[PDB]
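Letters A, B, ... are given to chains in the order of the sequence lines, protein chains preceding strands, and every chain is numbered from 1. Computed over heavy atoms, backbone and side chain alike; hydrogens, waters and symmetry mates excluded.
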Amino acid sequence: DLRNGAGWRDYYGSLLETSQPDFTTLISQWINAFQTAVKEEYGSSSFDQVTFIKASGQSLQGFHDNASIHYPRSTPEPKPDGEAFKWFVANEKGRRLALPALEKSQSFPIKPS
RNA sequence: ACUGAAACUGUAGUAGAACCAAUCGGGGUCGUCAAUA
């Protein structure tokens with residue numbers, strides 16, 4: 001039950017039961033208000049191409065390339081010892097990959113050498 | 001060349017009105033560490 005203050009002013013205007021406005025006719029308007037504000041203030045020709053929107057969507061959605069999510073490690077299997085740093089030292093001596101941009105959805109290699 | 005007597009500083013009046021002990025915060029999570037020879 002969402003109303004503007006004019007709708008609440010009508011609600012408090014009576015002790016009798018009164019119609020509530022159907023927010024479901026307005027939800028698209030409000031969401032588009034948000035989307036047009038994001039486009040206009042952050043300089044984009046689309047809402048879903050705003051970088052923080054594009055990134056945030058990928059987070060909620062996950063990664064479509066079916067590479068597994070796990071912390072970096074040198075073996076595809078998680079070894080029973082806390083030695084995942086071995087990937088990072090291999091990365092430091094290897095290709096020295098940065099964490100890929102969330103929008104780009106690029107997976108790390110298990111050997112960053 | 002005679003002490004006055006006797007007479008309750010009491011009677012009425014609410015230390016009270018107003019004020020939210022409150023505002024913000026996912027019980028959460030990943031890269032090494034160490035300095036010589």
Side-chain angles (χ1 to χ4, degrees):
Chain A
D1 181 2
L2 287 166
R3 323 180 190 205
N4 62 34
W8 289 116
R9 180 251 287 136
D10 301 349
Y11 175 83
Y12 296 122
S14 194
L15 282 70
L16 304 178
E17 323 81 75
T18 296
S19 59
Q20 63 175 282
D22 184 11
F23 89 104
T24 326
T25 65
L26 299 182
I27 181 158
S28 57
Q29 176 188 324
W30 304 327
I31 291 175
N32 297 346
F34 164 60
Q35 292 188 351
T36 53
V38 166
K39 280 170 58 178
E40 178 180 326
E41 303 191 62
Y42 300 92
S44 300
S45 300
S46 172
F47 168 81
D48 191 36
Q49 87 187 17
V50 175
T51 57
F52 60 83
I53 299 303
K54 187 174 282 281
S56 192
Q58 195 77 60
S59 184
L60 302 159
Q61 199 177 129
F63 298 116
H64 301 291
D65 73 345
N66 72 65
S68 299
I69 289 69
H70 60 73
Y71 293 114
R73 53 169 181 253
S74 303
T75 295
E77 183 177 80
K79 290 175 67 77
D81 305 75
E83 295 173 1
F85 64 77
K86 294 180 68 174
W87 182 98
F88 289 84
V89 309
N91 186 44
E92 197 65 64
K93 75 181 182 174
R95 282 115 78 185
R96 296 159 157 205
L97 307 177
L99 177 71
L102 181 49
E103 304 97 290
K104 297 291 185 181
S105 183
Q106 301 302 290
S107 38
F108 281 134
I110 213 71
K111 313 301 183 181
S113 59

A:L2 versus A:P21, closest heavy-atom pair with distance: O-CG, 4.1 Å
Sugar pucker assignment (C1'-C2'-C3'-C4' positive north, negative south) for B:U32: north
Anti or syn - B:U11, cut at 90° from 0: anti
Shorter than 3.5 Å, N or O on both sides, protein versus nucleotides 31-35 of chain B: list them out with atom names.
unit_1, atom_1, unit_2, atom_2, d
B:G31, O6, A:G82, O, 3.2
B:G31, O6, A:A84, N, 3.4
B:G31, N1, A:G82, O, 3.4

Stack flag B:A17/B:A18 (5.5 Å, 30°): yes
For B:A15, the sugar region implied by its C1'-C2'-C3'-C4' torsion sign: south
B:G28 and B:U29 stacked at 5.5 Å and 30° limits: yes
P atoms of B:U9 and B:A5, separation to the nearest Å: 16 Å
B:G26, syn or anti by chi within 90 degrees of zero: syn
Nucleotide B:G10 sugar, north or south by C1'-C2'-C3'-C4': north
Shared hydrophobic cluster, A:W87 / A:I69 (ILVMFWY, side-chain heavy atoms < 4.5 Å): no
B:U29: syn or anti, per glycosidic angle within 90° of 0: anti
OG1 on A:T75 to NZ on A:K111, rounded to 0.5 Å: 5.0 Å
Side-chain (A:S14) to main-chain (A:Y11) donor-acceptor, under 3.5 angstrom: no
Sugar of B:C30, sorted north or south by the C1'-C2'-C3'-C4' dihedral sign: south
Interatomic distance at P, B:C30 relative to B:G26, whole Å: 16 Å
Syn or anti conformation of B:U23, syn meaning chi within 90° of 0: anti
Classified sugar conformation, B:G25, by whichever sign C1'-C2'-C3'-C4' takes: south
Parallel, tilted or perpendicular: rings of A:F52 and A:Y42 (30°, 60°): perpendicular
A:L26 side, atom CG; A:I31 side, atom CD1 - distance, nearest 0.5 Å: 11.5 Å
Side chain A:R9, main chain A:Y12, donor-acceptor under 3.5 Å: no
Consecutive bases B:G13, B:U14 stacked per 5.5 Å and 30° rule: no
